[PDB]
Each structure stands twice: as C-alpha cells, then as structure tokens.
Amino acid sequence: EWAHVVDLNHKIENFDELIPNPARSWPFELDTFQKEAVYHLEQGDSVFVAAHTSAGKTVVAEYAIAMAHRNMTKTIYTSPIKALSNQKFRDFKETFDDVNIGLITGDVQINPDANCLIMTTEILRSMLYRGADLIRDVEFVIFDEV
Amino acid sequence: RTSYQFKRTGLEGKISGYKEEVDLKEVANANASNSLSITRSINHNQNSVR
Amino acid sequence: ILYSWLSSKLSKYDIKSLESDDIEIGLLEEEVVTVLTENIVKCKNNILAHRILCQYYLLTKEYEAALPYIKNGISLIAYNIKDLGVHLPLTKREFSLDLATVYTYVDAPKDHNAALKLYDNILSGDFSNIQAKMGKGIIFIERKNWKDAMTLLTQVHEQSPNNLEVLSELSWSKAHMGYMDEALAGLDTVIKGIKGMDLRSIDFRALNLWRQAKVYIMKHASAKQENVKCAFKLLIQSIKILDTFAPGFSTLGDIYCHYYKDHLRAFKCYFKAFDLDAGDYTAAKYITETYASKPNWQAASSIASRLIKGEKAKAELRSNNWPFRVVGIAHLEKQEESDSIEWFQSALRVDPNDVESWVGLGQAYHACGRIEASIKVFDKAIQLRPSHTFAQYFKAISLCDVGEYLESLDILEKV
C-alpha cells in the first residue's frame, strides 16, 4: 500500500539481462527513468506516470502488452475520447510486431478475439456492473490522461 | 462436493504421480445466486463485454 | 605512535634491537591507541603518521576503520603540493596498496578493480608490487581469466620471494589443469606459520583447513579412492579449530556421491549444514529432492526463506530454472494460487523450452480464473514438447469450463 518517490537520478544499467526473456529492444534509445518504469513493471508492483505528451510516454504502453503477451495476461487501454481510441489503436497496429488488438464501439466490437482491447471509460465501467469476460483475463489496465 | 485433482511425482515431476483432494466454500458455481469467487461457470449467454 | 609502533608486540619490529602469578609491566600495545584519535586528528599535512595509522588497522582483520584517513591521506600533501613544493614518487605506490585493498576484500563481489590505472602506474620497471598480486589476485583468480592467471603467480619475486602464502599460490587456484600433487606440496610449504589456538590468529588456519581439503579432494580424479576416503581428516578439522564453518560439509556433500556413492551421510551433510546456514547450490536442490519426492512440499516451502533470498545466490542460479520451481511449486499444492504466477514468469524468462514452468503456470491460471490464458498456455506446451499427454486433458477441461465443445471431440480422441 506504499507509494515511494523515485528520485530519477539513479539507474540499473543491465537492461540486456534485467529482463531475462527476449521481450523488446528498440533502435531509438529510451530515457533512463522510463527503463526503470519497465523494470518496476516486471516486479509486480503498480505504476504511475506523471510526464508530458510527445516525449516517449508510450514506453509504458509498449511493455504493457509485451510483458502481458509473453506472460499470458491481457491489457485494456482506456481513453475518455473516442478519437483517441482510434488513434492509439492505429499506433498499436503500427509499432508492435503481430499483436491481436481490439476496439469496442456501440454497434459491435472490432476484432472479437482480441488480446489487447481498447474502450471508453463508460464502456470500462460497464464491465464491473455487468460482469464482463475480460476482467478475468486482464491484470495490468492502462489508464489514459489522469 | 468432491473434486478430482492430480499433482506431481517429485523433483522435476512433469506429470506422473498424483494425490487427490476435496474443496468446500459458499455454494454451487452459478451467477444466479451470487458466486463472487472468480472461478465460475461461463454460460452460453454472454457478449464480449456488455 | 611511530616509536611506540617500533616497540610493538605483533608485527616484525622490536624495542631491543633498535637501541644500538606475578603481573608484568612491559611496553604494551594499548598505550599506542590513545594517540591515534586525539592528537593526530588536529594536525594537518601529517602523512607518515596517517600511513602508519592506516597500516596497523589494515592487515589486522579490518577493512573499514582506515577508510576515513585514506581520503584524508590523499588530501594532506596533494593539496599542500602547491604552496610547499615537494617530490612524490612513492605516494602513488603505498596508496595503491592502502586504498584498493580496503575495497577488494571488504566488498567481496563489488569493487575489485578499484585502482584501474594506479596498479598500471607501479607495474612498469619492477614487474609489480605486493598490491599488484594482492588486489589483482582476485581479478585473475576468483573471477576466472586464465591467460596470465596460470603463468604469472611468482610475480611477487622482486619484493619478497620467501613470503609464506604468496609463493604457494602457484598451484592452489591453478589446480584444475593437472598440477594437484604440486599444489598440495606448496600448500604444505605454506602451512608452517602461526598455528594458533584463538579467534584472531587461528582464522588463517581455519581457512587453510578448507584450502588444502579441496586440493586433497581434487587430487584423486585427475581414478583411485585412496585420498577420497582420507580427505575426511582435513574437512573434519575445518569444523573444529575456529568455531563455526559452513563450507566444510557443503563443499564435500555432493562429493560423497561420486566414487563410493555414499548417499547415506549425504542426508546428514545438509542436515549438518542446516546448523550453519546452507545458502548454496547443492543443499536446497537436495532438500527438495528428498522432501518433495515423499511427497511433502510443506518442508520444501521452508527452503524458499534462503533459496532466492540470498541475493548473491541469484548470479549463479539464473542459467537454469531450478530455484524458481522449488519456491513456486511449494505454493501450488498448499493452495494459494495468486503467488504462483510471478515465480513462473521469471522461470519462463529463464527457460523458454519447458513443460513444468508452463503447465504449472497454466494450472494456476486455470484455478485463478484466467481460463482463456490457460488455453493459450497449454496448447503451447503441445507446440513446445512434441506431444504431451497431460496438457490435452487440462486443455479439454479448460475448453469445457468456458463452454466450447468444438475441439473437445478431436482432442479426447488422441488421449
């Protein structure tokens, strides 16, 4: 139940074998504190990103699926705006290498058997009251713009 | 009330030996009464979310 | 301080030579210690006093208390070099020994190569120093780099050829190639020294009684079982002279099952190691092998308190996934399936091609609620292991619990 303040002036520079499996590694270099976020993800504890947009906030979104896809859990990206849902869906199609993505609308869900669903906050709320399928399968839920 | 369960042989026992057990908690597995325990029987009358 | 050290009662100095039932009243060592705190701390640029202060606390079972006056020792004349102006050729050679040896042995795995260029400074004309064998010993020997580690073990020649331990290093660590009898001979030549019966002096002897025992054990292999049975005298002596010594039973515990195959006291070896600690490779794997095959995993759960918790143990345990299944599977049969997953994640990361890490994790996933994940996992154990029989039943059940009887007809045909 504790929330420690990370100073952001420390680093464990063993990223090749800190993640013991071949998870993901990019040609563009990530920031040091955001590698630490990834490290914290694999431990089991929760996370909270207080950053800025257009400055590599997708580092957490990248390892949200990449951890879950190997370890066999699921992930929900939850955005309040519908346009944003479409946008980040497109992004997920683009950056990742063969991942089962999904998006819920009023009419019907795009990609029924999706690994990574996307939905509105209202639609998210409509899992806990209704009794949905993907609150069993999901462990690390992403929350957009808090 | 009983349940078939089968464990392991020993050190690095990839499914060979086994011993059984019994469980008991709350009531029958169904969402009509309550069954807040997450391990529950999924019926043929449910969508992706709603 | 300096005069009082010349008239000491430990190191190789003497009061009588330098002149040129009934309690005693001689010049004791306890008169020296009072001057090392009060008087020396006030005066600045006092280098020899600092050096001598360092050297007494350094070699006498302490790599910690000298640390404050090493940095100062540097500060003293290095700052004063501007406004006084004096030569310093020998400053970079004693403080090579004084600075680096504090970090080498105190921090056992961390700061070995602390000097870096300071040993390169001394090792030019004279083919090293006592420090370029003391500090660089663990660089060549313990971390394992057999290029100069094999050949260069009498690079202690220029300073002191006839020192007791350094000449015996020639074949001690280099005992895996062939020179085993020679090593034994050398170690015998290094034994004749203190031979004490106390906490301060006899530690060296205690540590020899592990040193030589290992060599004795080794010499048998590189056929006959003469010095295998006779090794007991050196191992049993190890757990005797000092007080408590864990590596005695642990090092030769797995050795008892080689030639004689005496696995009766192999049970008693790690039962004896339970007294000391037994935070190592063999003891845990054995303790599991007996208790878990009973079957009885409640006692196997007690090993988790010292298996992965050792911290330094994790470095040599991440090749295989043996220490993660011991702690992980102990939780499964005790019925707490939330804790199961994290261990199995690490295990998965370590070992990709495995059944028990996946199928065991898929059992937890089954029992927790994530049945959709269990289908994915169990069908991958069919993909990984050519055709596993138990995975098809588990998957069939998982297909049923969801509701689909699509492939349940086809899957149960082969089973």
# chains A, B, ... in the order shown; residues from 1 in each chain; ligands from 1
>>> select_by_dssp(residues="segment 14-146 of chain C", states="alpha helix (DSSP H)", output="tab-separated table (two decimals) with N, CA and C atoms, in the first residue's frame")
chain	number	residue	atom	x	y	z
C	15	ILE	N	61.89	-3.50	20.23
C	15	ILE	CA	62.49	-2.40	21.01
C	15	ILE	C	63.98	-2.61	21.32
C	16	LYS	N	64.38	-3.85	21.58
C	16	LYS	CA	65.75	-4.17	21.99
C	16	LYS	C	66.79	-3.97	20.88
C	17	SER	N	66.43	-4.33	19.65
C	17	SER	CA	67.34	-4.23	18.50
C	17	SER	C	67.59	-2.79	18.04
C	18	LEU	N	66.56	-1.95	18.09
C	18	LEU	CA	66.64	-0.58	17.57
C	18	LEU	C	67.44	0.41	18.43
C	19	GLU	N	67.74	0.06	19.68
C	19	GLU	CA	68.52	0.94	20.58
C	19	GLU	C	69.95	1.15	20.09
C	30	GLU	N	48.43	-1.28	24.01
C	30	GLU	CA	47.28	-0.43	24.35
C	30	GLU	C	47.64	1.04	24.65
C	31	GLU	N	48.91	1.32	24.92
C	31	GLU	CA	49.40	2.70	25.05
C	31	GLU	C	49.39	3.49	23.73
C	32	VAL	N	49.47	2.78	22.60
C	32	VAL	CA	49.53	3.41	21.27
C	32	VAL	C	48.17	3.98	20.85
C	33	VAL	N	47.09	3.22	21.10
C	33	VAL	CA	45.76	3.52	20.55
C	33	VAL	C	45.16	4.88	20.96
C	39	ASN	N	45.31	13.25	19.21
C	39	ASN	CA	46.43	14.11	18.79
C	39	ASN	C	46.56	14.26	17.27
C	40	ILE	N	46.52	13.13	16.56
C	40	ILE	CA	46.75	13.10	15.11
C	40	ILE	C	45.68	13.82	14.27
C	41	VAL	N	44.43	13.81	14.74
C	41	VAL	CA	43.31	14.41	14.00
C	41	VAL	C	43.38	15.93	13.85
C	42	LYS	N	43.98	16.61	14.83
C	42	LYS	CA	44.09	18.07	14.83
C	42	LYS	C	45.09	18.59	13.80
C	47	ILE	N	51.67	13.09	7.02
C	47	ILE	CA	51.49	11.95	6.11
C	47	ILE	C	51.97	10.63	6.68
C	48	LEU	N	53.16	10.60	7.27
C	48	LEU	CA	53.72	9.35	7.78
C	48	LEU	C	52.85	8.79	8.90
C	49	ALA	N	52.40	9.68	9.79
C	49	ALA	CA	51.52	9.31	10.89
C	49	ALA	C	50.21	8.74	10.37
C	50	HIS	N	49.68	9.34	9.30
C	50	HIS	CA	48.47	8.83	8.66
C	50	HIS	C	48.68	7.42	8.09
C	51	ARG	N	49.81	7.25	7.42
C	51	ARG	CA	50.19	5.99	6.81
C	51	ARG	C	50.30	4.85	7.83
C	52	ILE	N	51.09	5.12	8.87
C	52	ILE	CA	51.25	4.16	9.95
C	52	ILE	C	49.91	3.88	10.62
C	53	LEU	N	49.08	4.91	10.80
C	53	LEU	CA	47.76	4.72	11.39
C	53	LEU	C	46.93	3.73	10.56
C	54	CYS	N	46.97	3.92	9.24
C	54	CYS	CA	46.29	3.05	8.31
C	54	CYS	C	46.78	1.60	8.37
C	55	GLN	N	48.10	1.42	8.33
C	55	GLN	CA	48.73	0.09	8.20
C	55	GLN	C	48.44	-0.88	9.36
C	56	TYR	N	48.32	-0.36	10.59
C	56	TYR	CA	48.04	-1.20	11.77
C	56	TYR	C	46.62	-1.76	11.75
C	57	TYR	N	45.63	-0.89	11.52
C	57	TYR	CA	44.23	-1.31	11.41
C	57	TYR	C	43.92	-2.09	10.12
C	58	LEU	N	44.76	-1.92	9.09
C	58	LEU	CA	44.51	-2.51	7.76
C	58	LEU	C	44.60	-4.05	7.76
C	59	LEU	N	45.79	-4.58	8.05
C	59	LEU	CA	46.03	-6.03	7.98
C	59	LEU	C	45.44	-6.85	9.14
C	68	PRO	N	38.27	6.48	6.51
C	68	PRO	CA	38.27	7.95	6.69
C	68	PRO	C	39.63	8.64	6.49
C	69	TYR	N	40.72	8.01	6.93
C	69	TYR	CA	42.07	8.59	6.83
C	69	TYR	C	42.87	8.15	5.58
C	70	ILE	N	42.22	7.48	4.63
C	70	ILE	CA	42.81	7.23	3.30
C	70	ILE	C	42.52	8.42	2.38
C	71	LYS	N	41.26	8.83	2.34
C	71	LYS	CA	40.85	10.03	1.62
C	71	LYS	C	41.60	11.25	2.14
C	72	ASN	N	41.71	11.34	3.46
C	72	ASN	CA	42.45	12.43	4.11
C	72	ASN	C	43.93	12.38	3.76
C	73	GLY	N	44.50	11.18	3.89
C	73	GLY	CA	45.86	10.88	3.48
C	73	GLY	C	46.16	11.41	2.10
C	74	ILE	N	45.19	11.26	1.18
C	74	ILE	CA	45.33	11.84	-0.16
C	74	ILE	C	45.30	13.38	-0.08
C	75	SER	N	44.27	13.88	0.60
C	75	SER	CA	44.07	15.30	0.80
C	75	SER	C	45.29	16.03	1.37
C	76	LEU	N	45.88	15.47	2.42
C	76	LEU	CA	47.03	16.06	3.14
C	76	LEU	C	48.07	16.81	2.28
C	77	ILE	N	48.88	16.07	1.52
C	77	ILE	CA	50.01	16.65	0.76
C	77	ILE	C	49.65	16.98	-0.70
C	78	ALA	N	48.67	16.30	-1.29
C	78	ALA	CA	48.22	16.61	-2.66
C	78	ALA	C	47.71	18.05	-2.79
C	79	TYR	N	46.98	18.52	-1.78
C	79	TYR	CA	46.60	19.94	-1.67
C	79	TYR	C	47.81	20.82	-1.35
C	80	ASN	N	48.66	20.36	-0.43
C	80	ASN	CA	49.84	21.12	0.01
C	80	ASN	C	50.97	21.22	-1.04
C	91	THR	N	54.34	8.13	-3.31
C	91	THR	CA	52.96	8.38	-2.85
C	91	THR	C	51.94	7.51	-3.58
C	92	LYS	N	52.10	7.37	-4.89
C	92	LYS	CA	51.19	6.57	-5.72
C	92	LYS	C	51.39	5.05	-5.62
C	93	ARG	N	52.38	4.59	-4.84
C	93	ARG	CA	52.70	3.16	-4.70
C	93	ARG	C	52.24	2.53	-3.37
C	94	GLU	N	52.33	3.27	-2.26
C	94	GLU	CA	51.78	2.81	-0.98
C	94	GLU	C	50.25	2.96	-0.94
C	95	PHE	N	49.75	4.09	-1.42
C	95	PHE	CA	48.30	4.31	-1.51
C	95	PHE	C	47.61	3.48	-2.61
C	96	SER	N	48.39	2.83	-3.48
C	96	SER	CA	47.88	1.76	-4.34
C	96	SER	C	47.49	0.53	-3.50
C	97	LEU	N	48.34	0.17	-2.55
C	97	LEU	CA	48.05	-0.91	-1.59
C	97	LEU	C	46.98	-0.50	-0.58
C	98	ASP	N	47.09	0.72	-0.05
C	98	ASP	CA	46.25	1.17	1.07
C	98	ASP	C	44.78	1.41	0.66
C	99	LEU	N	44.58	2.06	-0.49
C	99	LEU	CA	43.24	2.41	-0.98
C	99	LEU	C	42.47	1.19	-1.50
C	100	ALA	N	43.09	0.47	-2.43
C	100	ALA	CA	42.40	-0.58	-3.20
C	100	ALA	C	42.07	-1.85	-2.40
C	101	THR	N	42.95	-2.25	-1.48
C	101	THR	CA	42.74	-3.46	-0.67
C	101	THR	C	41.56	-3.34	0.31
C	102	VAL	N	41.21	-2.11	0.69
C	102	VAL	CA	40.03	-1.85	1.52
C	102	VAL	C	38.75	-2.22	0.74
C	103	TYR	N	38.71	-1.85	-0.54
C	103	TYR	CA	37.55	-2.13	-1.40
C	103	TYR	C	37.53	-3.57	-1.95
C	104	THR	N	38.70	-4.19	-2.07
C	104	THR	CA	38.83	-5.52	-2.67
C	104	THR	C	38.21	-6.63	-1.81
C	105	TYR	N	38.62	-6.70	-0.54
C	105	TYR	CA	38.22	-7.80	0.36
C	105	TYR	C	36.98	-7.52	1.22
C	106	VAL	N	36.73	-6.25	1.56
C	106	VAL	CA	35.55	-5.88	2.35
C	106	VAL	C	34.27	-6.08	1.54
C	118	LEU	N	46.18	2.85	-11.26
C	118	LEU	CA	47.13	3.00	-10.18
C	118	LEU	C	48.05	1.81	-10.04
C	119	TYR	N	47.57	0.61	-10.36
C	119	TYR	CA	48.42	-0.58	-10.50
C	119	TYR	C	49.25	-0.56	-11.77
C	120	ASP	N	48.71	0.05	-12.83
C	120	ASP	CA	49.46	0.29	-14.06
C	120	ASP	C	50.60	1.29	-13.87
C	121	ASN	N	50.47	2.15	-12.86
C	121	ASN	CA	51.48	3.15	-12.55
C	121	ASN	C	52.73	2.52	-11.93
C	122	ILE	N	52.53	1.68	-10.92
C	122	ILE	CA	53.63	0.96	-10.26
C	122	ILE	C	54.23	-0.15	-11.14
C	131	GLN	N	50.82	-5.23	-3.78
C	131	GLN	CA	49.46	-4.85	-4.19
C	131	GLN	C	49.07	-5.40	-5.56
C	132	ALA	N	49.99	-5.45	-6.51
C	132	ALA	CA	49.62	-5.95	-7.84
C	132	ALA	C	49.59	-7.48	-7.91
C	133	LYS	N	49.34	-8.09	-6.76
C	133	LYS	CA	49.23	-9.53	-6.61
C	133	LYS	C	48.14	-9.75	-5.58
C	134	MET	N	48.10	-8.89	-4.57
C	134	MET	CA	47.02	-8.90	-3.58
C	134	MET	C	45.69	-8.46	-4.18
C	135	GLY	N	45.69	-7.28	-4.81
C	135	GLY	CA	44.49	-6.72	-5.43
C	135	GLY	C	44.12	-7.39	-6.74
C	136	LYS	N	45.11	-7.54	-7.62
C	136	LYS	CA	44.92	-8.20	-8.92
C	136	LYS	C	44.85	-9.73	-8.85
C	137	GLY	N	45.08	-10.31	-7.67
C	137	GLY	CA	44.88	-11.74	-7.45
C	137	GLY	C	43.45	-12.18	-7.72
C	138	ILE	N	42.50	-11.52	-7.07
C	138	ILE	CA	41.07	-11.81	-7.26
C	138	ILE	C	40.59	-11.47	-8.68
C	139	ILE	N	41.24	-10.51	-9.34
C	139	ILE	CA	40.96	-10.18	-10.74
C	139	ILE	C	41.30	-11.37	-11.66
C	140	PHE	N	42.45	-11.99	-11.41
C	140	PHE	CA	42.94	-13.10	-12.24
C	140	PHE	C	42.37	-14.45	-11.80
>>> residues_around(residues="residue 273 of chain C", least_positions_apart="5", cutoff="12 Å", atoms="only C-alpha atoms", output="ChimeraX atom specification")
/C:239,244-253,265-268,278-280,282-284,286-287
>>> interface_residues(of="chain A", to="chain C", cutoff="12 Å", atoms="only C-alpha atoms", output="ChimeraX atom specification")
/A:17-23,41-45,67-74,113-115,133-139
>>> write_last_selection(atoms="C-alpha atoms", output="CSV table (one decimal), in the first residue's frame")
chain,number,residue,atom,x,y,z
A,17,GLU,CA,19.6,-9.5,-18.7
A,18,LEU,CA,17.5,-7.4,-16.2
A,19,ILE,CA,14.7,-8.6,-18.4
A,20,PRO,CA,15.7,-12.3,-18.6
A,21,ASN,CA,13.5,-13.1,-21.6
A,22,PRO,CA,13.8,-11.6,-25.1
A,23,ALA,CA,11.0,-9.1,-24.5
A,41,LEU,CA,6.6,-3.4,-14.1
A,42,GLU,CA,8.2,-6.8,-14.1
A,43,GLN,CA,8.5,-6.9,-10.3
A,44,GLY,CA,4.7,-7.0,-9.7
A,45,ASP,CA,4.0,-3.5,-8.2
A,67,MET,CA,5.0,-8.2,-20.8
A,68,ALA,CA,1.4,-9.4,-20.9
A,69,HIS,CA,1.8,-11.2,-24.3
A,70,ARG,CA,4.8,-13.4,-23.1
A,71,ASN,CA,3.5,-13.9,-19.5
A,72,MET,CA,-0.1,-14.6,-20.9
A,73,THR,CA,-2.3,-11.8,-19.3
A,74,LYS,CA,-4.3,-9.1,-21.1
A,113,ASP,CA,-10.9,-12.4,-30.1
A,114,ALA,CA,-8.5,-9.6,-29.3
A,115,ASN,CA,-5.6,-9.8,-26.8
A,133,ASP,CA,-15.3,-11.6,-20.0
A,134,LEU,CA,-12.1,-9.6,-20.0
A,135,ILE,CA,-11.8,-8.6,-16.2
A,136,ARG,CA,-10.7,-12.2,-15.6
A,137,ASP,CA,-8.0,-12.1,-18.3
A,138,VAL,CA,-6.7,-8.6,-17.7
A,139,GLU,CA,-4.1,-7.9,-15.0
>>> interface_residues(of="chain A", to="chain B", cutoff="8 Å", atoms="only C-alpha atoms", output="VMD selection string")
chain A and resid 109 112 126 to 127 130 to 134 136
>>> select_by_dssp(residues="chain B", states="strand (DSSP E or B)", output="ChimeraX atom specification")
/B:2-3,21-22
>>> write_last_selection(atoms="N, CA, C and O atoms", output="PDB file, in the first residue's frame")
ATOM      1  N   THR B   2     -17.106 -33.179  -3.740  1.00  0.00           N
ATOM      2  CA  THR B   2     -15.756 -33.662  -4.045  1.00  0.00           C
ATOM      3  C   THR B   2     -15.242 -33.097  -5.373  1.00  0.00           C
ATOM      4  O   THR B   2     -15.988 -32.450  -6.114  1.00  0.00           O
ATOM      5  N   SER B   3     -13.967 -33.352  -5.665  1.00  0.00           N
ATOM      6  CA  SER B   3     -13.337 -32.881  -6.904  1.00  0.00           C
ATOM      7  C   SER B   3     -12.076 -33.680  -7.241  1.00  0.00           C
ATOM      8  O   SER B   3     -11.236 -33.913  -6.370  1.00  0.00           O
ATOM      9  N   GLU B  21      -7.735 -34.472  -3.561  1.00  0.00           N
ATOM     10  CA  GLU B  21      -8.207 -33.552  -2.512  1.00  0.00           C
ATOM     11  C   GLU B  21      -9.718 -33.296  -2.598  1.00  0.00           C
ATOM     12  O   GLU B  21     -10.388 -33.781  -3.513  1.00  0.00           O
ATOM     13  N   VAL B  22     -10.238 -32.537  -1.629  1.00  0.00           N
ATOM     14  CA  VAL B  22     -11.646 -32.109  -1.596  1.00  0.00           C
ATOM     15  C   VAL B  22     -11.716 -30.625  -1.214  1.00  0.00           C
ATOM     16  O   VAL B  22     -10.906 -30.150  -0.413  1.00  0.00           O
TER      17      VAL B  22
END
>>> interface_residues(of="chain B", to="chain C", cutoff="7 Å", atoms="only C-alpha atoms", output="tab-separated table (two decimals) with N, CA, C and O atoms, in the first residue's frame")
chain	number	residue	atom	x	y	z
B	9	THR	N	4.97	-35.97	-9.44
B	9	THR	CA	5.79	-37.09	-8.97
B	9	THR	C	6.71	-36.67	-7.83
B	9	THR	O	6.69	-37.27	-6.75
B	10	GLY	N	7.53	-35.65	-8.08
B	10	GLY	CA	8.50	-35.17	-7.10
B	10	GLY	C	9.37	-34.05	-7.64
B	10	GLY	O	8.85	-33.01	-8.06
B	11	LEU	N	10.69	-34.25	-7.64
B	11	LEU	CA	11.64	-33.26	-8.16
B	11	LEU	C	11.62	-33.28	-9.69
B	11	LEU	O	11.99	-34.28	-10.31
B	14	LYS	N	7.26	-33.91	-14.27
B	14	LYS	CA	6.39	-33.44	-15.35
B	14	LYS	C	5.20	-34.37	-15.57
B	14	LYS	O	5.14	-35.09	-16.57
B	15	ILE	N	4.25	-34.34	-14.62
B	15	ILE	CA	3.01	-35.12	-14.68
B	15	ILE	C	3.22	-36.64	-14.72
B	15	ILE	O	3.33	-37.23	-15.80
B	38	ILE	N	-14.15	-15.78	-8.45
B	38	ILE	CA	-13.91	-15.51	-9.87
B	38	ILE	C	-13.97	-16.79	-10.71
B	38	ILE	O	-14.43	-16.75	-11.86
B	39	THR	N	-13.54	-17.91	-10.14
B	39	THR	CA	-13.69	-19.22	-10.77
B	39	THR	C	-15.17	-19.62	-10.78
B	39	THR	O	-15.69	-20.18	-9.81
B	41	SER	N	-18.63	-20.84	-13.64
B	41	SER	CA	-19.01	-21.43	-14.92
B	41	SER	C	-19.58	-20.39	-15.89
B	41	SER	O	-20.56	-19.72	-15.57
B	42	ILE	N	-18.95	-20.28	-17.06
B	42	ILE	CA	-19.38	-19.33	-18.10
B	42	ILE	C	-20.50	-19.97	-18.93
B	42	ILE	O	-20.27	-20.97	-19.61
B	43	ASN	N	-21.69	-19.38	-18.86
B	43	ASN	CA	-22.85	-19.87	-19.62
B	43	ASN	C	-22.79	-19.44	-21.08
B	43	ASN	O	-21.94	-18.64	-21.47
B	44	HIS	N	-23.72	-19.98	-21.88
B	44	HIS	CA	-23.84	-19.64	-23.30
B	44	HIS	C	-24.87	-18.52	-23.49
B	44	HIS	O	-25.89	-18.70	-24.17
>>> residues_around(residues="residue 415 of chain C", least_positions_apart="2", cutoff="12 Å", atoms="only C-alpha atoms", output="PyMOL selection string")
chain C and resi 387-396+408-413
>>> closest_residue(among="B:12, B:19, B:1, B:27", to="residue 40 of chain B", atoms="only C-alpha atoms")
B:27
>>> closest_residue(among="C:381, C:330, C:10, C:264", to="residue 8 of chain B", atoms="only C-alpha atoms")
C:330
>>> atom_distance(atom1="atom CA of residue 32 of chain A", atom2="atom CA of residue 57 of chain A")
12.8 Å
